[PDB]
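Written out below as structure tokens is the structure these notes cover.
Numbered from 1 within each chain, the chains take letters A, B, ... in sequence-line order. The figures that follow rest on heavy atoms only: side chains count, while hydrogens, waters and symmetry mates do not.
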Amino acid sequence: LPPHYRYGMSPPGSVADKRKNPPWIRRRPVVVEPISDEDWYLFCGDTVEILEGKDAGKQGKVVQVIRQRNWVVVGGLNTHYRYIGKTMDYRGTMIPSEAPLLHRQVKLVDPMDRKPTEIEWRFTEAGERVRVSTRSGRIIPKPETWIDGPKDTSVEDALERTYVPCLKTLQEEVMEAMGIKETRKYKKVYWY
Amino acid sequence: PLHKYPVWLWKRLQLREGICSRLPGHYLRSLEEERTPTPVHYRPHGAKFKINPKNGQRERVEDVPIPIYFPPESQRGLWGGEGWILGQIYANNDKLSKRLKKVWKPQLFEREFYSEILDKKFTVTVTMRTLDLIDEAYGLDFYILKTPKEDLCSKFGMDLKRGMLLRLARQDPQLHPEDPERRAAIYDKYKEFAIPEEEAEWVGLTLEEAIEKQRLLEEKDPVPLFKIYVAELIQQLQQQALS
Amino acid sequence: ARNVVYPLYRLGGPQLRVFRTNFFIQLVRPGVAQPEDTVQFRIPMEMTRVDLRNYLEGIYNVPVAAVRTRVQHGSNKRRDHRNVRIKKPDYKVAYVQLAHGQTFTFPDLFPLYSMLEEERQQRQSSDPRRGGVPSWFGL
Amino acid sequence: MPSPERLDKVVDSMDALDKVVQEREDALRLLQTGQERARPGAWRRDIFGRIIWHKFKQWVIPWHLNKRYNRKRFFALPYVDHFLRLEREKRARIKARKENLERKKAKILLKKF
Amino acid sequence: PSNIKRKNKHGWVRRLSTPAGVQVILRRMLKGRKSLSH
RNA sequence: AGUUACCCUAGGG
RNA sequence: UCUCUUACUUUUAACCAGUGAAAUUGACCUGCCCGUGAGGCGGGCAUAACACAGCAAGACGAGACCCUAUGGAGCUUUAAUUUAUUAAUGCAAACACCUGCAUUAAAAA
RNA sequence: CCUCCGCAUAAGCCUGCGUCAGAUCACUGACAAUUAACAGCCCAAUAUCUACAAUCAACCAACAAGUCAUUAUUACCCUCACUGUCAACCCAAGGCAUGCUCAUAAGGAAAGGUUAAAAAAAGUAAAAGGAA
RNA sequence: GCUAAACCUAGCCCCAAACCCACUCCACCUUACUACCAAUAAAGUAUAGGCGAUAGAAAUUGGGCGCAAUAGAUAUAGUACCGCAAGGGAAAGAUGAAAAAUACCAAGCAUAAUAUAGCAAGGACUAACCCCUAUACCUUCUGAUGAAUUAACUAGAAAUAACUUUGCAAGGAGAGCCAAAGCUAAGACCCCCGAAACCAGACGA
């Protein structure tokens, strides 16, 4: 993907993205404040409080994070209205649409105080690093079966250790085990 | 922008960088020397100062060596400190005449000498001046081990020098077999220029030749990790045993 | 194997063996009418005819009677926004005639909306006799 | 395509298998021979004066009677060093531009925030 | 037009055959040309 | 020192 | 060919439809006679506005020739002086080749 | 109704009127294809042999004097790999090597519609005279 | 109201600092990208020179009053394109927090063709025209040249002396230099485009 490529709500490869960002656009880049990977503290599934714009003071859940633009999409909040399925003769159906919010316009919420608080990333003996609130010494945990198929290896077969560490190459082990015999000896050649 | 270092310092920087840095110190010193070859094609001034007849005051005078072009044939032979003078002249020694190109070539003589220390008849292209420094130095041997690199200005001269100095350093019995008294006589005759063998090994080497020697010297087959690990395991067992 | 140096052979030397083959293959539907015993493959450029025969015989236990190969030239007649030519890669086509009177035919592979559709039956299209007056009002 | 993810998964699995076998091969080679690479090679200096890693090929005859090999020049004549210097200066220019542009971008970032 | 003629006069081998051709290639490499030869 | 119908360039009539 | 041109056909052309350049262009509300020095000045005269097709009298549009430059280039020589050289000689050096110093020519500046 | 063109190979070019879909006197995206017997791609050494043209090659007929070949000893046992193969095409804005057909079995279309002015171009016919 | 206009930021420039680059596998000197065979000062002083145009020592001393898409790199790229080759060498983009929300201004025209007469105006006028007055401009001659039009770009660079204004004053000046009111500091003077040639090294014929 080209440099200064503009990240948006549609995923970087989608049809809407190829339409919005064809291979020949050169727009003004967006100034995103550099937040280190270990300084980020809003995750998908997090409950958050909205400070700015419409829906200020309402609490929601982080549905998507676009970390390339310090963006959090709070599901059902910061919402305008758009029509979908606009055909030639049908106006389509109106639906609520979310606009991204910068991380500065969103705070995290304690599970018992239910108030917006600042967060630091403190080390814990049990867990090497975890979030903590500032107003209180409370940790905020990170939020969010199967059937084996005809071509899925069982865990019992997958984890079995059949490897005996030896000083033979795969070629040699396979030749010995497959009973391939070779009496002809390699005649050394010149390398240069 | 600007370079950190002047461009003429880049050769000197390179000499301290890699395999050049790993060369013997004495050889790098020999490369570093810049001392001036003795005047051959120009007359040096008597003194540093001189009173000119024009204004009658004393000024300092310097001798600016005339550039000498040494054709590659000179490196095979043994000329003096002399070679070609690629210059210009005025048509009839008058500055109001045209300027026209001249080359001054030496007179080459295909003479034949005998190196006693190397005990060999060498046929060499020389100059009359070479014969003169031969006479003043009392022999090809003394001439070769006396005359410095810039005054010799010959690769063949330095090959002879390196051979001679190695033969001295090695105390080599192969000069005159079944003839020890003459060998000792010749070897004592040149006790003055006795040098360590390591120093004699790198004498007269062009820089590329020295790099080639060094890269041979430090070329070793990589020792297999098997014996390193075996020795480490043995050492650990020794440490555990003493516990 | 592709993208490897092959050990050089000299007279009376061991057989060259490949233990984990590196080139992969697809059998594609012919674009034209072909005999019944002919199977068409797309094949890497380095893979030879003997290699393909041995590959099928060994890995897939397919008895192969004949193999033919051609190199298909990909088009260079298409350009970027920068008027720079875009290359469709060249590839190798193999035609494998099966042995023992066998036959191959290419198999017939490939033989949120609720609310949108439920409102799609609730058009209640504009009545011509109303003449543009909104139908929402109960008056 | 019905499910294109499993193609990527198969490719990743085969890359993993290649990595595992290659690790074993190089561990054994380091143990027995001490060499770090399977193919012999050297640090040479081609006609254009640049240092390259020449990888060796397999031949039947030794190199001194190899007519084609001896046509190649693994040395640079003194007319190359000027071009080497000019390339060095071109690289220096590109680096200076890059580092300066990074610094300007940092200034802009600090201005906005 | 002839491919033999073209590769004979302006090709890589003909260029590297002489110091002048090596300098042509070096000039083109400094300029950043995509095609250094025929 | 001649010469240019091979002359050439900047201008002028 | 001409006295001496005529008829026909095709192309072109004119009109209808589609597509659609270029040189050119100070601005123009762009007349005639005479005079001065001519669509534009002076004196007379004329004079509603508006296409399309024509014509080619005027408006508007190369190829030469001479001179100049304290501007070039080439060619020929018995311009300047010189022989860097190349061919010869003569003399030095060395025990003929190679070198240094002078002279004579061709080809040269 | 034209055909002085055509069909192959070479050279050159490089997917450049195949299918599906779309936009634009009235190209883009996707998919598909040229399958070797033709043609490229050759040759184990060491010596040692290679005077008498072609032209129906027989006379004739000559000068410019010619386009062609093996032997001895030694070594030798594995075999059908690789590559070109498409088109309405190239070079310039008319030219093009070779073979085959010498009007075609192959290949094409001079008229966008009308009118029937001038001038212009080409063609045909022209009394009497026939270079004025 | 069409055509259009407008936009800031990609990047770049000059410094400082610091001495840079170069083997995933594979292929590449054969027709390349082809597995494999015979500081400052001394000082513009001494000096050199058709002693002239000019040339000229030494001893000695010690981040931004930057550009911001015709700019700034040629650079969106040494790409497209041109050339057999060496080689030459471009143009251009702009919404917003979200696209998982689609007005007003060049020339040229249109709305809206024209009416005796004439550098197209000026004086006027109740009144557009009618009346009166009015030889386009620039350059070069003493008094033919160029230009369709719009937008952008586009052309005076040197402080010796002197002068003015300060400082200090027989001294001035932060070494060196000058001084018979001088010395120190400042200010203020010297454009753009446009040959044939010659030389060096390549590339083709």
Side-chain angles (χ1 to χ4, degrees), chain A residues 4 8-10 16 19-20 24-29 53 78 80-82 84 97-102 189, chain B residues 1-5 10 13 54-55 57 59-60 89 91-92 96-98 100-102 104-109 128, chain C residues 2-6 8-9 31-32 48-50 68-78 82-84 93-95, chain D residues 37 41 43 46-47 50-55 57-61 65-68 71-73 87-88 91-92 95 97 100-101, chain E residues 1-13 16-17 20 23-24 27 31-34 36-38:
Chain A
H4 299 311
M9 299 294 271
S10 290
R19 202 159 25 65
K20 179 157 163 305
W24 72 77
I25 43 85
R26 338 171 83 243
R27 293 186 61 187
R28 279 185 218 81
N78 197 183
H80 56 265
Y81 298 105
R82 71 178 164 109
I84 89 180
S97 194
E98 289 102 282
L101 294 118
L102 289 156
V189 309
Chain B
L2 289 177
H3 291 299
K4 178 62 191 285
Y5 289 98
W10 282 2
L13 263 283
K54 299 286 303 316
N55 79 42
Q57 313 277 328
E59 331 101 325
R60 55 193 301 287
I89 37 176
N92 292 311
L96 261 70
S97 311
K98 279 303 304 311
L100 72 176
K101 168 96 190 194
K102 177 117 183 159
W104 273 277
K105 286 156 179 313
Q107 191 143 255
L108 290 199
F109 296 143
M128 257 305 307
Chain C
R2 31 176 285 108
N3 267 358
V4 289
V5 317
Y6 279 21
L8 197 64
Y9 171 70
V32 292
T48 79
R49 172 176 325 214
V50 197
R68 272 173 263 109
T69 277
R70 55 177 198 78
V71 162
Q72 183 59 59
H73 172 76
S75 193
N76 218 10
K77 160 150 133 26
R78 91 190 276 288
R82 327 195 330 263
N83 210 237
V84 178
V93 181
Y95 299 87
Chain D
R37 55 210 60 265
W43 286 108
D46 57 351
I47 36 182
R50 55 255 280 280
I51 264 57
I52 76 200
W53 178 255
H54 187 261
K55 298 166 166 178
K57 287 168 98 204
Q58 290 144 126
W59 309 83
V60 180
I61 69 174
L65 52 146
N66 194 326
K67 203 150 312 319
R68 197 178 91 218
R71 289 203 289 256
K72 305 196 37 177
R73 278 88 80 204
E87 294 277 22
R88 192 201 174 162
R91 282 196 300 282
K95 260 192 84 289
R97 289 197 300 264
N100 202 24
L101 190 82
Chain E
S2 186
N3 290 307
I4 277 169
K5 165 193 293 325
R6 191 171 45 77
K7 299 229 95 184
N8 277 338
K9 322 195 191 327
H10 322 305
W12 182 255
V13 174
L16 304 186
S17 71
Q23 292 196 25
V24 168
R27 253 145 46 199
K31 205 178 162 98
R33 311 220 74 152
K34 223 174 72 154
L36 314 177
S37 57
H38 265 281

| Minimum-distance nucleotide to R33(E) side chain [options: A100(I), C25(I), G78(I)] | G78(I)
Every protein N/O lying under 3.5 Å from an N/O of nucleotides 35-37 of chain I:
from	atom 1	to	atom 2	distance (Å)
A35(I)	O3'	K57(D)	NZ	3.0
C36(I)	OP1	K57(D)	NZ	2.8
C36(I)	OP1	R68(D)	NH1	3.2
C36(I)	OP1	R68(D)	NH2	2.5
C37(I)	OP1	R68(D)	NH1	3.4

| request: Sequence neighbours left out, what passes salt bridge (charged side-chain N to carboxylate O under 4.0 Å, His left out) with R82(C)? Give chain and number order. | output: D80(C)
| So, is the end of the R68(D) side chain (NZ or CZ) under 6.0 Å from the ring centre of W59(D) and within 45° of the ring's axis? | no
| field | Interatomic distance where NZ belongs to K20(A) and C1' belongs to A101(I) [whole Å] | value | 12 Å
| request: Establish whether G143(I) and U150(I) are paired, applying the Watson-Crick or G-U wobble definition with both distances under 3.5 Å. | output: no
| field | Residue list, side chain to side chain contact (heavy atoms under 4.5 Å, CB included) with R19(A), at least two apart or on another chain | value | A16(A)
| request: Report the nucleotide, chosen from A81(H), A80(I), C7(I), that has the shortest atom-to-atom distance to any side-chain atom of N83(C). | output: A80(I)
| request: Between protein and nucleotides 13-22 of chain H, map the contacts as a letter string: B base, S sugar-phosphate only, - none, heavy atoms under 4.0 Å, written 5' to 3'. | output: SSBS------
| request: Establish whether the base of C25(I) is bridged to the side chain of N3(C) by a donor-acceptor pair shorter than 3.5 Å. | output: yes
| note | Among the nucleotides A18(I), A98(I), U35(H), whichever has the atom closest to the side chain of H80(A) is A98(I)
| request: Could you classify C19(I) for me, syn or anti, using a glycosidic angle within 90° of 0 as syn? | output: syn
| Any chance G42(G) and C34(G) qualify as a Watson-Crick or G-U wobble pair, both distances under 3.5 Å? | yes
| request: Report yes if at least one side-chain N or O of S97(A) is closer than 4.0 Å to OP1 or OP2 of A100(I); otherwise report no. | output: no
| request: Walk me through it: do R97(D) and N100(D) pass the test side-chain hydrogen bond (donor to acceptor under 3.5 Å, both in side chains)? | output: CA-CA 5 Å; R97(D) 289 197 300 264; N100(D) 202 24; over 6 Å; no
| remark: From the candidates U82(G), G89(I), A100(I), the one with an atom nearest any side-chain atom of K31(E) is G89(I)
| query | Between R28(A) and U9(I), is there a side-chain N or O to OP1/OP2 distance below 4.0 Å? | reply | no
| request: Summarise protein proximity over nucleotides 94-109 of chain G in one line of letters, 5' to 3': B for base, S for sugar-phosphate only, - for none, counting protein heavy atoms closer than 4.0 Å. | output: S---BBSS--------
| task | Give the B/S/- string for nucleotides 198-205 of chain I, one per nucleotide from 5' to 3', where a protein heavy atom under 4.0 Å of the base yields B, of only the sugar-phosphate yields S, and otherwise -. | result | ----SSSS
| request: Can you tell me, in whole Å, how much space there is between the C1' of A39(H) and that of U9(H)? | output: 10 Å
| field | Partner check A73(I) against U47(I): Watson-Crick or G-U, both under 3.5 Å | value | no
| task | Using only side-chain N and O atoms of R27(A), determine if any of them is under 4.0 Å from OP1 or OP2 of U95(I). | result | yes
| query | If you measure from the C1' atom in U35(H) to the same atom in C80(H), how many Å do you get, rounded? | reply | 16 Å
| field | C59(H) glycosidic torsion: syn (within 90° of 0) vs anti | value | anti
| Going by Watson-Crick or G-U wobble geometry, both distances under 3.5 Å, is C2(I) a partner of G182(I)? | no
| query | Taking atom P in both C41(H) and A110(H), what distance in whole Å separates the two? | reply | 46 Å
| Between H3(B) and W10(B), what is the ring plane arrangement, given parallel below 30°, perpendicular above 60°, and tilted in between? | perpendicular
| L13(B) near the nucleic acid: base, sugar-phosphate alone, or nothing, with a heavy-atom cut-off under 4.0 Å? | base
| message | Suppose the criterion is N1-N3 plus one more Watson-Crick contact, or the two G-U wobble contacts, each under 3.5 Å; do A59(G) and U24(G) qualify? | response | no
| query | Atom CD1 of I25(A) to atom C1' of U9(I): distance rounded to whole Å? | reply | 14 Å
| Residue-phosphate contact under 4.0 Å: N92(B) side-chain N/O, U82(G) OP1/OP2 | yes
| query | Syn or anti for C42(H), taking syn as within 90° of 0? | reply | syn
| Are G49(I) and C199(I) a pair by Watson-Crick or G-U wobble criteria, both distances short of 3.5 Å? | no
| field | Pairing between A124(I) and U139(I), Watson-Crick or G-U, 3.5 angstrom cut-off on both | value | no
| message | Once you look at the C1'-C2'-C3'-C4' sign, would you call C51(I) north or south? | response | south
| query | For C12(I), does either OP1 or OP2 sit under 4.0 Å from a side-chain N or O belonging to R97(D)? | reply | yes
| message | Pairs counted only when both distances fall under 3.5 Å, Watson-Crick or G-U: show me the 5' to 3' dot-bracket for RNA chain F, [ ] for pseudoknotted crossings and | for other-strand partners. | response | ||||..|||||||
| query | For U102(I), does either OP1 or OP2 sit under 4.0 Å from a side-chain N or O belonging to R82(A)? | reply | no
| said: For the structure I just gave you, are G11(I) and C67(I) base-paired, Watson-Crick or wobble, with both distances less than 3.5 Å? | reply: yes
| request: List in chain and number order the residues that pass side-chain hydrogen bond (donor to acceptor under 3.5 Å, both in side chains) with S97(A), two or more places apart in sequence or in another chain; answer none if no residue qualifies. | output: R82(A)
| request: Classify the nucleic acid contact of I84(A) as base, sugar-phosphate or nothing, counting any heavy atom under 4.0 Å across all strands shown. | output: nothing
| query | Taking only side-chain nitrogens and oxygens of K7(E), does any of them come within less than 4.0 Å of OP1 or OP2 of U31(I)? | reply | no
| said: Tell me whether the side-chain N or O atoms of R71(D) pair up with the base of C29(I) as donor and acceptor below 3.5 Å, since no angle test is needed here. | reply: no
Short N/O separations, protein against nucleotides 42-52 of chain I, under 3.5 angstrom:
from	atom 1	to	atom 2	distance (Å)
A48(I)	OP1	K54(B)	NZ	3.0

| How many Å lie between CG on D46(D) and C1' on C28(I), as a whole number? | 11 Å
| said: Say we look at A94(I) and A10(I): how far apart would their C1' atoms be, to the nearest angstrom? | reply: 11 Å
| query | Between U83(H) and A39(H), is a Watson-Crick or G-U wobble pair present, with both distances under 3.5 Å? | reply | yes
| field | Pairing residues for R60(B) by the salt bridge (charged side-chain N to carboxylate O under 4.0 Å, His left out) criterion, not counting sequence neighbours | value | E62(B)
| message | Check this one for me: any side-chain N or O of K55(D) less than 4.0 Å away from OP1 or OP2 of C26(I)? | response | yes
| field | Heavy-atom protein contacts under 4.0 Å, nucleotides 54-72 of chain I, coded B base, S sugar-phosphate only, - none | value | ----SS---BB-B--B---
Listed pairs, N/O of protein and of nucleotides 36-41 of chain H, under 3.5 Å:
from	atom 1	to	atom 2	distance (Å)
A36(H)	OP1	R49(C)	NH1	3.1
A36(H)	OP1	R49(C)	NH2	3.2

| request: Would you classify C104(I) as syn or anti? Syn applies when the glycosidic angle is within 90° of 0. | output: anti
| query | With both atom distances required to be under 3.5 Å, do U140(I) and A188(I) make a Watson-Crick or G-U wobble pair? | reply | no
| OP1 or OP2 of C23(I) under 4.0 Å from side-chain N/O of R37(D) | no
| When rounded to the nearest Å, what value does the distance between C1' atoms of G63(I) and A59(I) take? | 43 Å
| What does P1(B) touch in the nucleic acid at a heavy-atom separation under 4.0 angstrom: a base, only the sugar-phosphate, or nothing? | nothing
| task | To the nearest Å, give me how far apart NZ (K101(B)) and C1' (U85(G)) are. | result | 13 Å
